[PDB]
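Inside the fold
Here is what each chain is made of, one letter per residue.
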Amino acid sequence: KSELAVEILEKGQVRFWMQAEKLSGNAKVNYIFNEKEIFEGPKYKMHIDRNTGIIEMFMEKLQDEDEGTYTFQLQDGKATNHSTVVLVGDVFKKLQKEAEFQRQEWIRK
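The sections below set out a description of the structure shown in this document. Sequence positions in this view are assigned from 1 along each chain in the order the sequence is written. Entry numbering can differ, and residues without coordinates are absent from the display. Computation of side-chain values covers all heavy atoms of the structure but excludes hydrogens and water.

**Section: the pairing of strand β1 (residues 2-8)**
- When DSSP locates at least two bridges between a pair of strands, those strands are taken to pair. Secondary structure counts use DSSP, requiring at least four H or I residues in a row for a helix and at least two E residues in a row for a strand, with both numbered from the N terminus. As paired strands, β1 and strand β2 (residues 14-19) are joined by 5 bridges and run antiparallel to one another. Considered in β2, the bridge of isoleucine 8 is made with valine 14.
- What sits between the antiparallel neighbours β1 and β2 is a turn of 5 residues, in which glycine 12 has the positive phi angle 80 degrees.

Below, the structure is given as structure tokens:
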């Protein structure tokens, strides 16, 4: 298992992911950004692999507005895990610079 982590992918896409030990078909994840539930949509893509326990949310990019706290609220029935990455201040700027560089370099190359 691994708590919530963020990384930037080759195109500068953002990957939030954590690993549960096992997920039942009933496992559910509340994706939380600055204490607001966020949903699969124009901005986020969510995936749960119930086999691997890998829960991951993807963004295309990190806008200034994306600074904040990201939480995955995992519920498997009674079972209840939250994991949080605080992408604020310098942490956010650095991650954003990386994501912007990779997004820029993808389009450049």
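Here the narrative resumes, following the displayed structure.
**Focus: the sheet that holds β1**
- With respect to topology, 4 strands assemble into an open sheet ordered β1-β2-β6-β5, the strand pairing being antiparallel. The open sheet has two free edges, formed respectively by β1 and β5 (44-49), since each of these has just one partner strand. Between one strand axis and the next, the sheet turns by 15 degrees as a mean value, whatever way the strands run.
- Of the strand pairs in this sheet, β2 and strand β6 (residues 54-59) are connected by 6 bridges, and their pairing is antiparallel. What sits directly across from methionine 18, in β6, is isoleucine 55. Axis angles are defined between N-to-C directions and span 0 to 180 degrees, where every axis is a line fitted to C-alpha atoms and, for a helix, only to the segment in contact.

**Here we look at the pairing of strand β8 (residues 79-87)**
- Here strand β7 (residues 68-76) runs beside β8; their pairing, made up of 9 bridges, is antiparallel. What sits directly across from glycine 68, in β8, is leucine 87.
- Hairpin remark: β7 followed by β8, antiparallel, with 2 residues in the connecting loop; positive phi at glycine 77, about 50 degrees.

**Some remarks on the layout of surface pockets**
- Size it by volume and the largest pocket reaches roughly 180 Å³.
- Here a cavity denotes a set of grid points, spaced 1 Å apart and computed over the protein atoms alone, in which a 1.4 Å probe fits but from which it cannot get out, and a pocket denotes an open set meeting protein on both sides within 12 Å along at least five of seven lines; residues with an atom within 4 Å of a point are reported as lining. If you trace the largest pocket, you find it lined by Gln13, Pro42, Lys43, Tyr44, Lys45, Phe58, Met59, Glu60, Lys61 and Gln63.
- Secondary structure elements with two or more residues in the lining of the largest pocket: β5 and β6.
- Across the lining of the largest pocket, the residue classes tally to 4 nonpolar, 2 polar and 4 charged. Grid points are joined across faces, edges and corners, and a volume is the space filled by probe spheres set on the points. Classes in brief: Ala, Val, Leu, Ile, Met, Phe, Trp, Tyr, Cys and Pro nonpolar; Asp, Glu, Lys and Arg charged; the others, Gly included, polar.

**Description of the environment of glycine 89**
- Along the chain, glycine 89 falls in helix α1 (residues 89-108).
- Here the alpha-carbon distance between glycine 89 and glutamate 65, two residues 24 residues apart in the chain, equals 12 Å.

**As for the side chain of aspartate 66**
- Looking at where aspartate 66 falls in the secondary structure, it is placed in the loop between β6 and β7.
- In protein, a polar contact means a hydrogen-donor-capable atom and an acceptor-capable atom, both N or O and within 3.5 Å, with residues adjacent in sequence counting only if both atoms are side-chain atoms; elsewhere, any N or O pair within 3.5 Å suffices. In terms of polar contacts, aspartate 66 uses its side chain to reach the side chain of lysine 43, at 2.8 Å.
- What makes two residues a contact is simply this: any of their non-hydrogen atoms within 4.5 Å. Contact partners of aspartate 66, with chain neighbours within four places excluded, come to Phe33, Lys43, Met59, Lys61 and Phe92.

**Side note on the sheet that holds β8**
- In spatial order, the strands read β4-β3-β7-β8; together these 4 strands make up an open sheet with antiparallel pairing. Each edge of the open sheet carries a strand with a single partner, namely β4 (36-38) and β8. Strand after strand, the sheet turns through a mean of 30 degrees between neighbouring axes, direction not considered.

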